Amino acid sequence: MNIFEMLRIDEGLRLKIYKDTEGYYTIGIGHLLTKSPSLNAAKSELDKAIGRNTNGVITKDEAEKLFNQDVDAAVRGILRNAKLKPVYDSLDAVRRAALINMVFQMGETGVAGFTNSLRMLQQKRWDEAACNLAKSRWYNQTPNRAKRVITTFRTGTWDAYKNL
Ligand SMILES: *SCC1=C(c2ccccc2)C(C)(C)N(O)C1(C)C
Ligand SMILES: [Cl-]
Ligand SMILES: [Cl-]
Ligand SMILES: [Cl-]
Ligand SMILES: [Cl-]
């Protein structure tokens, strides 16, 4: 297991534009296209992202290319953020992946605002952090995925992704 395999499990793989858990147009491995309710706006974003006229369909190679960029973007987001970087730097590689996962799903500023959870993670209060993270819109709207991510922070193991 690693961040790529982890997010591949959590985001799935679809080659046609579809609506994500929030109802937003997405493609590939959780590549969010736009929050706009316009399918044409989503198609425009996709064509721009891929560099060709796709009409809402991409190849597996193209999906993986966007995925690599998005994972890279999540890491860069963490490193440039004054709140996220110290927590990230303080963690082992398994827990770093859990933080990247959160950033990928909710964005840099989204995770950066979880002040109390971040403090508990920084302090290595793993059970407390885990309990605190569950007190969130995130956990309530995507509980199975949140449970996996939280287990990763609680244990520092890949146990939640083993038989997946
Ligand atoms: S969500 C954090 C809370 C608790 C806790 C859970 C696991 C480890 C440490 C603390 C506790 C004590 C059950 N609780 O009532 C909190 C503050 C809601
Ligand atoms: Cl998804
Ligand atoms: Cl704890
Ligand atoms: Cl809550
Ligand atoms: Cl879920």
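Computed over heavy atoms, backbone and side chain alike; hydrogens, waters and symmetry mates excluded. We number each residue from 1, following the sequence as shown. One-based numbering, in listed order, for ligands and for the atoms of each.
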*In the hydrophobic clustering that connects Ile, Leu, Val, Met, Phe, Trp and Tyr at side-chain heavy-atom distances below 4.5 Å, which members other than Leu32 occupy its cluster, ordered by chain and number?*
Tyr24
*Under the salt bridge (charged side-chain N to carboxylate O under 4.0 Å, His left out) rule, what do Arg145 and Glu11 come out as? Steps first, then yes or no, please.*
CA-CA 9 Å; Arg145 192 221 180 116; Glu11 297 294 352; 2.9 Å; yes
Under 3.5 Å donor-acceptor pairs involving side-chain atoms of residues 72-82, not counting sequence neighbours:
unit_1: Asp72; atom_1: OD1; unit_2: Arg76; atom_2: NH1; d: 3.0
unit_1: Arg80; atom_1: NE; unit_2: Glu108; atom_2: OE1; d: 2.9
unit_1: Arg80; atom_1: NH2; unit_2: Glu108; atom_2: OE1; d: 3.0
unit_1: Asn81; atom_1: OD1; unit_2: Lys83; atom_2: N; d: 2.9
unit_1: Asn81; atom_1: OD1; unit_2: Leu84; atom_2: N; d: 3.0
unit_1: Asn81; atom_1: ND2; unit_2: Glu108; atom_2: OE2; d: 2.8

*Using a distance-only test with no angle check, is there a side-chain donor-acceptor pair under 3.5 angstrom linking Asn101 and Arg148?*
no
*Anything with a heavy atom under 4.0 Å from ligand 1 counts, so go ahead and list those protein residues by chain and number.*
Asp127, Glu128, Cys131, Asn132, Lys135
*Any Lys/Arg nitrogen of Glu45 or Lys48 sitting under 4.0 Å from an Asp/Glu carboxylate oxygen of the other?*
yes
*Only pairs at least two apart or in different chains count here, so list each side-chain hydrogen bond (donor to acceptor under 3.5 Å, both in side chains) that has a residue in residues 12-22.*
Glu22-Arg137
